[PDB]
Structures are given as structure tokens and as C-alpha cells.
Amino acid sequence: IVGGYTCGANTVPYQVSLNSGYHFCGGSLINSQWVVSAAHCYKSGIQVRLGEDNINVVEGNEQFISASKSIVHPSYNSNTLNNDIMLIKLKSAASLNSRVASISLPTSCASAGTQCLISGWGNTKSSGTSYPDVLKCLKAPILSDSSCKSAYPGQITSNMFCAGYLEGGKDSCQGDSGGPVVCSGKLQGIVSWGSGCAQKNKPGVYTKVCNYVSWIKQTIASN
Ligand SMILES: [Ca+2]
Ligand SMILES: [Ca+2]
Ligand SMILES: [Ca+2]
Ligand SMILES: [Ca+2]
């Protein structure tokens, strides 16, 4: 996260870290046994880390649970990142508490101008490289589809939206991929891609979760 702020420990209780020996992506807990992340975060051997603030220190509220299965969206296209969404089932159910809590799925898509909370452990610099240890947060509005497609001509599908600031300075960044965009208490986005980080006229691009609620609910119910 570039240009954001320290969330505060466990203030985003649905935020997970995906670990394969190191943090490599975020995700969002949607029930006791399921996480949603980005398809471009797929790999084998994922451990889901819940209750994290400092990802380099055991602080006493963590749950570490291996994934038992991953399901990449049937139409995921890695060349274009269309349908950049993946479900991860936990080998055992997470213990839900104050600091480990699920986030509701949308019943409706969100409108442009809606303010959302974006979070992650990704790079905090827009030209250099510095990775935080504690979770960072950013408040950012959903941008008009029209400004999104103008920023990225020919690359925005109906399954993507842009959020952030056209002037730059505040954005998601590498290491944030797969993590949440929450608006009005609903998981509306997944950190997907962008051109650099926090650059002018290059806002972050996010998977449009509201298009996938039927697929999410059906897949979970059958697995
Ligand atoms: Ca559910
Ligand atoms: Ca920790
Ligand atoms: Ca194609
Ligand atoms: Ca990365």
C-alpha cells in the first residue's frame, strides 16, 4: 500500500496473508473455512495466516491453517487477468473471534464514488522498494468505469473496476495482490493489477467481486 496508514493491529479482521515460506499475497476470509483471493496468486502449498498484524513476529492472535484445495475461476485468463479470482478452502475451520472474522459478500455491485478500504502488506514506495511488517490501509473511492477504461485503454473488462486517485500518491502495490477492497461492509474488490503504483492517471485495478457471488456461493456449497 502506497500513501496509506498503519491500520492498527487486527482492525481488518478478514484480511489474511497467504504464506509459502514468506508472505506473497493477501486474501479475505468469507466464512469459517474459505478464503477468496486473486487467481494470479495461485500456487500449491499455501498456508493461510489469519489474525496477523506484524507478519514477521508472533504476536499471539494468529491462526496458521494449510489450504486443502484451491479453485481458480474457470474463465481466468492469465494473459489479460480477466476473471482474476480464486477460492481457497482451509484444511480445518478457523476459530472466529474478535480478530479473525469473515467479510460479507456483496448482494449488489457498488456505485462509483463509494469509499472503500483497501489493505495489505505490499510495497509502500511508488519508485523504490520497502515492505512493511504491519498491515497498511488505504481509503479510496471507486472510480467511474469511464475514467478506468480511459486510464487503461483496451484492458478493462466488465469484471474489473478501478479505485484510487487519478492524481496518484495513494494506491495498492506489489505484495497487496489478492487482498480486499471493502465498501459499505461488503467485499467488492480483490487487488488485481495496475501500471506501477500510485502513478498519476494509473489507478489500481480490482476484480469486481459482485459479478462472482453466484459462482462463489455455488462452488463453496459443492466443495
Ligand atoms: Ca458464505
Ligand atoms: Ca504475526
Ligand atoms: Ca484473451
Ligand atoms: Ca509481488
Side-chain angles (χ1 to χ4, degrees), residues 6-37 39-40 47-65 68-69 71-90 93-108 119-122 131-137 149 152-160 175 179-180 182 185-188 190 192-193 205 207 209-223:
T6 297
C7 304
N10 310 112
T11 58
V12 187
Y14 51 85
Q15 172 85 51
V16 310
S17 169
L18 302 187
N19 186 287
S20 65
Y22 46 89
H23 164 84
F24 70 91
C25 272
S28 303
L29 189 65
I30 58 163
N31 71 32
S32 6
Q33 222 166 348
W34 288 91
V35 165
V36 73
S37 184
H40 78 261
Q47 185 186 65
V48 177
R49 301 190 157 204
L50 307 95
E52 283 284 18
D53 191 42
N54 190 318
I55 52 165
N56 272 325
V57 180
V58 174
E59 297 180 292
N61 298 293
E62 297 90 346
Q63 297 177 48
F64 298 166
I65 304 170
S68 63
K69 70 181 76 166
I71 302 166
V72 167
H73 190 276
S75 299
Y76 174 56
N77 185 310
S78 59
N79 300 315
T80 64
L81 298 183
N82 197 24
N83 309 289
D84 188 12
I85 187 167
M86 172 182 67
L87 288 166
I88 300 167
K89 196 180 181 179
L90 303 181
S95 301
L96 299 185
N97 59 47
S98 29
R99 304 179 167 83
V100 177
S102 55
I103 181 72
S104 295
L105 292 176
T107 52
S108 174
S119 46
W121 289 276
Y131 285 83
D133 298 313
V134 302
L135 187 63
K136 297 290 190 171
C137 276
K149 294 174 180 158
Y152 297 101
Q155 293 184 102
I156 303 299
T157 76
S158 71
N159 297 311
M160 300 173 191
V182 170
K186 310 290 191 180
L187 181 72
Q188 297 282 8
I190 301 164
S192 183
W193 62 275
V205 188
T207 310
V209 176
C210 62
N211 288 0
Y212 298 99
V213 176
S214 297
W215 171 78
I216 292 169
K217 294 169 104 173
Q218 283 186 280
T219 299
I220 289 176
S222 295
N223 286 276

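Both counts, for ligands and for their atoms, begin at 1 and track the order of listing. Quick note: residue numbers are just sequence positions, from 1.
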Participant: Just by distance, no angles: are the side chains of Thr6 and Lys136 close enough, under 3.5 Å, to form a donor-acceptor pair?
Facilitator: yes
Participant: Do any of the N/O/S atoms of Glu62, backbone or side chain, fall under 3.0 Å from the Ca ion (ligand 2)?
Facilitator: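 Coordinating: yes.
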Participant: Applying the side-chain hydrogen bond (donor to acceptor under 3.5 Å, both in side chains) criterion to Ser17, which one of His23, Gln47, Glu62, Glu52 satisfies it?
Facilitator: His23
Participant: Taking both backbone and side chain into account, is any N, O or S atom of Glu59 nearer than 3.0 Å to the Ca ion (ligand 2)?
Facilitator: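 It does not; every qualifying atom lies at 3.0 Å or beyond.
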Participant: Can you name the N/O/S atom of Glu52 that is nearest the Ca ion (ligand 2)?
Facilitator: OE1
Participant: Is there a side-chain contact between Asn83 and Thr157 in this structure, where contact means two heavy atoms from C-beta onward sitting under 4.5 Å apart?
Facilitator: no
Participant: Taking atom types as modelled, is there a side-chain donor on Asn77 or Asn82 under 3.5 Å from an acceptor on the other?
Facilitator: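 No, no side-chain donor-acceptor pair sits under 3.5 Å.
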Participant: Does any N, O or S atom of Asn56, backbone or side chain, fall under 3.0 Å from the Ca ion (ligand 2)?
Facilitator: no
Participant: Has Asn54 got a side-chain atom pairing as donor or acceptor with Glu59's backbone, closer than 3.5 angstrom?
Facilitator: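 No, the answer is negative, given that no donor and acceptor are paired below the 3.5 Å cut-off.
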Participant: Look at the N, O or S atoms of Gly51, main chain and side chain alike, and state whether any lies under 3.0 Å from the Ca ion (ligand 2).
Facilitator: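 Not a single backbone or side-chain N, O or S atom of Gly51 is under 3.0 Å from the Ca ion (ligand 2).
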